[PDB]
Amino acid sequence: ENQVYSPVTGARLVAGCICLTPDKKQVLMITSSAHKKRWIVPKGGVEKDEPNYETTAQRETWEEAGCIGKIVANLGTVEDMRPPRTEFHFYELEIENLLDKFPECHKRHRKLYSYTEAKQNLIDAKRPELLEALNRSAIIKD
């Protein structure tokens, strides 16, 4: 298979982006494939040939959200509390372009959100680890 695991905890290694607008007032969220009313952020499994997390992160942001930007920060890691099953590596991305067409554009909705709506969405989705990643970002909370 094409899936990499932590040799310590055996958690699944995943990378994603907090995609922020230049003014940093909004963050890009996508609907989940499993729970279609739930809003999350682009992320996905690292595969064996990928040389770094940034690669996985930018791949998944393209694939899942049709977003292209530059990585402006490493937001560190966050684990899963449901040992852990998933170790996430997050980066902040400045959005340079949102393309109307992208691999998953038929199986996923996508929208910008202020800090406040995004926080509620992630509590509604029950993803505190993703909210922690969002809180480490330079998003404006006002």
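Numbering starts at 1 and runs along the sequence shown. In this text, rigid core is short for the largest set of C-alphas that superpose within 1.5 Å between two forms.
Rigid core superposition in 7 other deposited structures of this protein puts the Cα atoms of one stretch, out of 51-59 and 73-81, farther from the shown form on average, and that stretch is 73-81. Where coordinates are absent for parts of the deposited sequence, a chain break appears; between neighbours residue 82 and residue 83 it spans 10 or more residues. Averaged over CA atoms, B-factors in the entry run higher in 30-38 than in the other of 30-38 and 92-100. According to the PDB record, 104-112 carries the higher mean C-alpha B-factor of the two stretches 63-71 and 104-112. When the modelled residues of the chain are ordered by C-alpha B-factor, residue 6 sits in the middle third. Among the modelled residues of its chain, residue 23 has a C-alpha B-factor that falls in the highest third according to the deposited record.
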